[PDB]
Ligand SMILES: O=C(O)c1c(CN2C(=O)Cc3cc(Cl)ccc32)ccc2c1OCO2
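First, one chain by itself: the form deposited without the ligand, in structure tokens.
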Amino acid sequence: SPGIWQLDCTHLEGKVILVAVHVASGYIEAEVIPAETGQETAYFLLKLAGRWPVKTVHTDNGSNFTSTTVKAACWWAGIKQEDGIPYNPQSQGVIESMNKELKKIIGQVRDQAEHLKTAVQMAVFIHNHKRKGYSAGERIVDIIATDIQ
């Protein structure tokens, strides 16, 4: 489970926020894009996999699962591309709660930037640093380091 990530797409201000969640820690990366295309999703995965040891990605929907550009990125970066079916129903609820948390944080910072992308990066920062006691950023590093050792 140190290498497992889940994609998630949510909407705000007529734009799309694409999120990757490290399942075991709740650590996230996110970006704002005009729309959720295979190309945008592929590029996002390429970025993610250069930064963290991404073994498996559960895609956010069937279009990204099917996309040959997404499959090409997963091939390039050595990621196992998987579906995102919530065989465990709790997964569904966890993602929904996370999207609600993220949107709340974005609201709390929204007036500190003109552009949504800036607010989204502030929200990523707040989410990853929040102690719940360890933060998600601490959890992901500890999980991965333990795996290496």
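In case it trips you up, residue 1 is the first one in the sequence shown, and so on.
Unshown form solved in complex with the ligand; subsequent notes refer to it.
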> Even though the ligand is not shown here, does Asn88 get within 4.5 Å of it in the bound PDB entry, heavy atoms only?
Replying inline: no
> Any of the heavy atoms of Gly26 lying within 4.5 Å of the ligand in the bound PDB entry?
Replying inline: yes
> Within a 4.5 Å heavy atom cut-off, is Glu82 in contact with the ligand in the bound PDB entry?
Replying inline: no
>> Given a 4.5 Å distance limit between heavy atoms, list every residue of 1-23 close to the ligand in the bound PDB entry, or none if there are none.
In response: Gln6, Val21, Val23
